[PDB]
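Quick notes on the structure that follows.
Note that we place each Cβ from the backbone using ideal geometry, even for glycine, and neighbour counts take in every protein chain shown. Laboratory data are not the source of any read-out in this text; all were calculated from the coordinates shown.
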Amino acid sequence: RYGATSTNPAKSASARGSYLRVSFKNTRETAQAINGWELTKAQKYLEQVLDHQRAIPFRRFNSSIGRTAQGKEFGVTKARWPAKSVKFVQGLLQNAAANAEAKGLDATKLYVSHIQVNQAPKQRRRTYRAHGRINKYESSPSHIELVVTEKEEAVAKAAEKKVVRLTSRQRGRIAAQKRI
Amino acid sequence: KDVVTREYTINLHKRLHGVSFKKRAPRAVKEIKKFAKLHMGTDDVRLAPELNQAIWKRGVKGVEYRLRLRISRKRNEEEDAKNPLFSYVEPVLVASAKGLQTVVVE
Amino acid sequence: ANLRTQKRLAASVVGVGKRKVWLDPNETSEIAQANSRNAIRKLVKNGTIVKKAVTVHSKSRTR
Amino acid sequence: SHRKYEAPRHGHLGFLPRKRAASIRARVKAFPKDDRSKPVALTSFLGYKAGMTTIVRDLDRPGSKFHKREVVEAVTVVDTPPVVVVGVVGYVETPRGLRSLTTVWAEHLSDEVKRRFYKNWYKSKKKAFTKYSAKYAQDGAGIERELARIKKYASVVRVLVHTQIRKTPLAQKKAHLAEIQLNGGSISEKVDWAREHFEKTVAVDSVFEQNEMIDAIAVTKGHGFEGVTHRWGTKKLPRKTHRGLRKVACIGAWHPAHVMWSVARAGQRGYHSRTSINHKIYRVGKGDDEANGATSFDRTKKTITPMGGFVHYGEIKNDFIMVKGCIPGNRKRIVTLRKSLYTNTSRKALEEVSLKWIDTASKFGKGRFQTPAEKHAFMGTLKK
RNA sequence: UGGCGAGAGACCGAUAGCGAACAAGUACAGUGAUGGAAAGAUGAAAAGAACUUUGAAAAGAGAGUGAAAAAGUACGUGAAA
RNA sequence: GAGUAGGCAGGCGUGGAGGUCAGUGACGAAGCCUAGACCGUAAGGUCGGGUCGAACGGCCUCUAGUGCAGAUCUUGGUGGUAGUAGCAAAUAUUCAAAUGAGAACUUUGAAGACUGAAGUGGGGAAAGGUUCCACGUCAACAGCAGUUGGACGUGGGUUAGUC
RNA sequence: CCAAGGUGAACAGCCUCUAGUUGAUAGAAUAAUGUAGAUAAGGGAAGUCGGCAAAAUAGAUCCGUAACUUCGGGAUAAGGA
RNA sequence: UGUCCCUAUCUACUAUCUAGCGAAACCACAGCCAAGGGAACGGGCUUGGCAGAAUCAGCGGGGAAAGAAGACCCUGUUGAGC
């Protein structure tokens, strides 16, 4: 349960959303725009990209989509405003933040440590093509799950020694340069 | 920002100059909303159904060249928005809406 | 807020089209609670519903 | 097999690629040959295209059918408000061509040329040339050293000079700064002229005489994509053509099994940095003058500006140049007029032009009258 | 190689074995004759998740049941693309 | 001491079968995963770690529906193209309130329009079969949306001596 | 099957009354190329396999109407007002 | 009479950008050229030229592009209509 994390469950809260009917490719990209942020800067950013002030940079699923100036912020040329995705992850940010408060984590240092979007089973419809053919018309829903942890500095400090092995010639030259 | 009521003239002629005939009156509605925003700094505009009748009376493609209208920036209620003030536009009744400078009604 | 059975019933009761039936926009609670044809008949007497007089077709330019 | 009926190619293969001239300024790529005898003077001169008018003039061309006969010629006017000197660059000749050794500016740069260096100006603290202006704290020590450098070295000297956009009817405020080469005496004389003229204005009456040929350099009008049969103007294919007429049919053969650079293709055209040559100077008018439009054969108190102003541009209150024929670039554009790179002596040069009448009819329509006094006189006196 | 009643197997083990291990000659196609699928497994026992908190809600994070929820009625194991 | 077609020999692996190791195994069988290890020229074998939960193996022999990359193979699943092509014919919508978590699409009001009585009107035939109507409701469907519906859940409804 | 007013020869086209819909994914911007509509100075088939496509002509009243003919026609010939 | 000399301009709906919804064809691996040799016309081989992320709108040179076990021709001790 909850894909590979390197954070402390005593200082974390999570939120899960299974079989959510959103474009997988759009909701993967909103998640990768929001990943490794503070929860406050993240929540604010998702309302800005709903009212078309900043944009979600599309990095992987960025094929033949229109360019935009609101991409320059992220060092891309191509960005978009996935309303549905942004609204679903917002619902899951809020729900995570609520669990993080209910456990008792300072809501100020709370930063999204893990966010993962998997693919749900595809929902089945049939379109009708020229010369009386049938094709598939599939929705690709999403499995969104995110983690928010308290920020802690003072780490590594790591790790190991210089447990050294020498020869008679090495040790003898060390004993010489000391005598000098 | 204050609670004010002014009477503006809008040149709808130059704003609808070179539009598709069957989106002229709908564009006039949208451009008066843009006009109310520009002058009252307000992201909520509330066109009176009387102003709707005034723009639309002469069909989709017969929007009058000029329109004398009144814009009241008002204190907001009704599930408080992010903007604390909204602008309520009404049509002023003048026989010839031309040669009129912007005034204030108190 | 589903007064389509009330538009339909009003039109059929008064004996005109659904195009010539004015339900009161302020009095909506009452015309929602209107279920019977007897209820509609009572609301047309109160003047909550009217006939919304014919669009005139002058034969004056014809004459 | 061959074309079957061979025609010359559509389009010049020299003006490529047909992309958007990176700047919006004109970019003078060649200056004249730099005569070292005659006194120091500007070569080219920055200015703004205002619009086109008609002229009438007598024609001294012995042998021509129209010898001593009135001829109508089209004319385009360039607003040329005095351009402010604000710097001087020294260029050393190297085995990788000319290179900028250093540039020195005057301490006092106008808010005009300061606005150039910012894109969000009115948020800025306007701190440009604060420390450089404070290098004049003592008797310009940093300045005298860098000017001594440009005198000792630097086989070429150019002047940084900016337009006075405040004087034009344009709503920009952000004066176009340009380099313009000095062709004059010894490099020491060039450096001293570029120094002595710091914080001063240079007008057009000094640089450009009358009856002197000019090279108008500017970026052309936009037009966007502007499809196949308008940019090269290839054949329109027959009415019967499926999938479109407005095209080129055969790109190429196989072998070479690639579309070629020579083939005419679609994509944005217009807004290219073009240079036209041999535009004869007709008028170099002044701003210190009403009766700008007045010839020696008219004597009427009117300005070159038509009735209701130059359409899209405005009124011309500054010293200007009206020049024969069309020159490249839109109205409200930044033009650079450069002196002839050679001595054209084809009887179209050497030819003393004398204007008879300048059109000032409202070219915002089919204007009848030259002045409000003529309109009132012919019509009138109703109803104001 | 039918019907009924029984014993069996160096047979098959859910794409195999009968078309059918399941409400199979069922659903469904075609006017009709006829054509004709896919589809088994939570756990010993439902003990099928009380109760708290976010959300309009679905659900989430807890709490709990369980020998395990890395068994949640999308249920043994859970490969590869 | 080469080798296609081809022959022959020696082995490796799989489902079962007889015999044996008084074989291993809920203190964990088999299965699967493993930039860990060892053996074998190789087919393959063995071991450690994880997951898992009920069977399985060595050896001497018997037997075969016994080993896959190809068959425009079969069935099932999955992709890249791709958030691309596109969702552009039937002139056209707009303002307000109400409802609601949510309204371009729902209800009402108000405009502006169209069909223009060889109609986008009002009935019927064949065909369908409850789609009719009410209440409740929106996971699926209505290639946007959805509070709406010919959808979904529960009910109600078709009266003849003359049709 | 029933079938209104006006224009008009008219159940043609165009506009309205009764009655009915306002349903066909929307918002923004107006590059190329398209698709469906249009216009073009002068020339007038030179284009082209070929006048393909479009243009022109058009209702009504009066005038006039040829060769040819199976004596019925051609005929709204043509050409005008 | 824009069929043409010779093209131009305009309107609407597309395209384009956005929110939503969201296919298919095809796909050994793939995608820069020149010559060479070679199943005698290479994306890959040899020798050169060269070569810098991510890409958007167009385009119709190429991919001997896609569609379909050539229907023409021959063979077959394969058939059918006549």
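Things worth noting here:
- Unique residue being more than 17 Å from residue D:360 (Cβ to Cβ) and either surrounded by 20 or more Cβ atoms within 10 Å (Cβ to Cβ) or more than 14 Å from chain B (Cβ to nearest Cβ) (or both) when the list is D:319, D:298: D:319
- Identity of the residue in region D:216-240, of a type in the set (S, T, N, Q) and within 12 Å of RNA strand H (Cβ to nearest atom), that ends up farthest from the other protein chains (Cβ to nearest Cβ): D:234
- Considering region C:1-49, and only residues there that are within 13 Å of RNA strand G (Cβ to nearest atom) and under 21 Å from residue B:49 (Cβ atoms), the residue that is nearest to the other protein chains (Cβ to nearest Cβ) turns out to be C:22.
- Any hit, region D:170-178, residues being in a helix (DSSP H, G or I) and more than 14 Å from chain A (Cβ to nearest Cβ): no
- Test: residue D:337 is among the aliphatic types (A, V, I, L, M), under 21 Å from residue D:204 (Cβ atoms), surrounded by 15 or more Cβ atoms within 10 Å (Cβ to Cβ) and over 12 Å from the mean Cα position of the chain (by Cα): no
- For region A:79-93, the count of residues that are within 27 Å of residue A:153 (Cα to Cα) and crowded, with 18+ Cβ neighbours inside 10 Å is at least one.
- Within region D:84-112, the set of residues being touching a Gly at 6+ places or on another chain (Cβ under 8 Å) and in a strand (DSSP E or B) comprises D:100, D:101, D:102, D:103, D:104, D:105.
- Qualifying positions in region D:303-348 - of a type in the set (A, V, I, L, M), in contact with an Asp or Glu (Cβ under 8 Å, 6 or more places away or on another chain) and more than 18 Å from residue D:213 (Cβ to Cβ): D:316
- Here residue A:46 meets the list (1) buried (at least 18 other Cβ atoms within 10 Å of the Cβ); (2) aliphatic (A, V, I, L, M); (3) within 13 Å of RNA strand E (Cβ to nearest atom) almost entirely, failing just condition (3).
- For region B:81-93, a residue qualifies if it is surrounded by 13 or more Cβ atoms within 10 Å (Cβ to Cβ) and either over 15 Å from the mean Cα position of the chain (by Cα) or over 21 Å from residue B:33 (Cβ atoms) (or both), and the qualifying residues are B:83, B:85.
- Candidate set from region D:216-255 (those that are closer than 18 Å to residue D:269 by Cβ and not in a loop (DSSP other than H, G, I, E, B)); member that is nearest to the chain's Cα centre (by Cα): D:218
- Matching residues in region A:102-121 - criterion: being surrounded by fewer than 12 Cβ atoms within 10 Å (Cβ to Cβ) and closer than 22 Å to residue A:29 by Cα: A:121
- Considered as a group, the residues in region B:65-87 that are out of contact with any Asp or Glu (no Cβ under 9 Å at 6 or more places or on another chain) and closer than 20 Å to residue B:6 by Cβ include one that is farthest from the other protein chains (Cβ to nearest Cβ), and that residue is B:67.
- In this entry, residue C:4 is excluded by the filter for residues that are of a type in the set (D, E, K, R) and more than 8 Å from RNA strand F (Cβ to nearest atom).
- Extreme residue, nearest to RNA strand E (Cβ to nearest atom), among residues of region C:20-40 that are in contact (Cβ under 8 Å) with a residue 24 or more places away in the chain and of a type outside the set (A, V, I, L, M, F, W, C): C:28
- Test: residue in region D:33-40 that is hydroxyl-bearing (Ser, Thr, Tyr) and surrounded by 13 or more Cβ atoms within 10 Å (Cβ to Cβ): no
- Failed item, numbered, when residue A:107 is tested on (1) more than 14 Å from chain D (Cβ to nearest Cβ); (2) within 16 Å of RNA strand G (Cβ to nearest atom): (2)
- Consider region A:9-22 and keep the residues that are touching a strand residue (DSSP E or B) at 6+ places or on another chain (Cβ under 7 Å) and not in a strand (DSSP E or B). The one that is nearest to residue A:117 (Cα to Cα) is A:22.
- Residue match in region A:55-72 (condition: within 24 Å of residue A:108 (Cβ to Cβ) and not aromatic (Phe, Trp, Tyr)): no
- Qualifying residue in region D:264-278 (condition: of a type outside the set (D, E, K, R), surrounded by 14 or more Cβ atoms within 10 Å (Cβ to Cβ) and near RNA strand H (Cβ under 8 Å from one of its atoms)): yes
- Filter pass, residue B:47 being assigned to a loop (DSSP other than H, G, I, E, B) and in contact with a strand residue (DSSP E or B) (Cβ under 9 Å, 6 or more places away or on another chain): yes
- Within region A:46-100, restricting attention to residues that are within 14 Å of chain B (Cβ to nearest Cβ) and part of a loop (DSSP other than H, G, I, E, B), the residue that is nearest to residue A:150 (Cα to Cα) is A:50.
- Criterion violated by residue B:17 - all others in (1) within 15 Å of RNA strand G (Cβ to nearest atom); (2) assigned to a helix (DSSP H, G or I); (3) surrounded by fewer than 18 Cβ atoms within 10 Å (Cβ to Cβ) satisfied: (2)
- Pairs linking a residue in region A:1-29 that is over 20 Å from residue A:85 (Cα atoms) to a residue that is in a helix (DSSP H, G or I) and away from RNA strand F (no atom under 16 Å from the Cβ), with Cβ atoms under 7 Å and 6 or more positions apart or on different chains, are A:13/A:96; A:13/A:99; A:13/A:100; A:13/A:103.
- Contact map, region B:7-18: residues that are over 22 Å from residue B:105 (Cβ atoms) paired with residues that are among the aliphatic types (A, V, I, L, M) and part of a helix (DSSP H, G or I), Cβ distance under 8 Å, separation 6+ or inter-chain. Pairs shown: B:15/B:28; B:16/B:28.
- Looking across region C:25-38, the residues that are in a helix (DSSP H, G or I) and either more than 13 Å from the chain's Cα centre (by Cα) or exposed (fewer than 15 other Cβ atoms within 10 Å of the Cβ) (or both) come down to C:29, C:30, C:32, C:33, C:37, C:38.
- Of everything in region D:223-259 that is touching a residue at least 60 places away in the same chain (Cβ under 8 Å) and not hydrophobic (A, V, I, L, M, F, W, C), the residue that is surrounded by the most Cβ atoms within 10 Å (Cβ to Cβ) is D:231.
- Taken over region D:187-215, residues that are within 22 Å of the chain's Cα centre (by Cα) and either within 14 Å of chain A (Cβ to nearest Cβ) or outside any helix (DSSP H, G or I) (or both) amount to 12.
- Any chance residue D:227 is of a type outside the set (D, E, K, R) and farther than 22 Å from residue D:49 by Cα: yes
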